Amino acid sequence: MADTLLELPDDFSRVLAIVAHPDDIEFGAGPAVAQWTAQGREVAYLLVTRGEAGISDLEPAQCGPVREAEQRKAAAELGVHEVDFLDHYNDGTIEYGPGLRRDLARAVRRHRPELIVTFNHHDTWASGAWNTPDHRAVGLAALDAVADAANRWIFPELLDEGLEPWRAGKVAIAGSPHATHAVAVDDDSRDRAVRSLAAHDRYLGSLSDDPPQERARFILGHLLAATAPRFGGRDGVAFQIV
């Protein structure tokens, strides 16, 4: 991790966040998303799964629909209107490969993002705990999909689908232990992100008996505060840029 984080250059108006599961975006980047949509930038979400194995007391057939509805409400709190879920992937056993790359390249060509946001694909989390193979798989495939989306002859079936090549400008990896850049966040954007994250009610409920609002405030409080020392005292969300 860099000792001085640079400001993320702000030359983009369309953002596509690609993540494995509901909650990845809120934990990793929600306040930045809030800041971006407050400034009039368009943000869409692509989720590979519904996070249907992520609540110990809800079986997957119950949990998926619940978390989908929670993600859609969280999105609406930030003024994100386009939220799409892939089909046919299973929370916890997402496999990296050409199939996933192609499904993500499809989404990149559909949305024509200037910035793509992913979630930490490294072997370890920001904290140093071991990361999951779902995060590793989706982040890797997303990074790889950038060049795939831009190349006419890779996944030629996409052309038949009516989707012409598109080259995204950069990828920003949220929650990386090798963050290089940061996004400064104001108090209103923070408040909004707290509401967004708090909307994952049953999910947070599975991990704490505290009010959803309170856990969310604490969580995003930590995220932002622990950027400041590397960013000249400013609360912000750190990203690794590629």
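Residues carry their position along the shown sequence, with the first being 1.
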When the C-alpha temperature factors are averaged for each of 185-193 and 170-178, which stretch ends up with the higher value in the entry?
185-193
Comparing mean C-alpha B factor in the record for 87-95 and 71-79, the higher one is 71-79
By the CA temperature factor listed in this entry, which of these ranks top: 43, 48, 66, 204?
204
Grab the CA temperature factor for residue 132 from the record and place it in the lowest, middle or highest third of its chain.
lowest
Cα B factor band for residue 19 (lowest, middle or highest third within the chain):
lowest
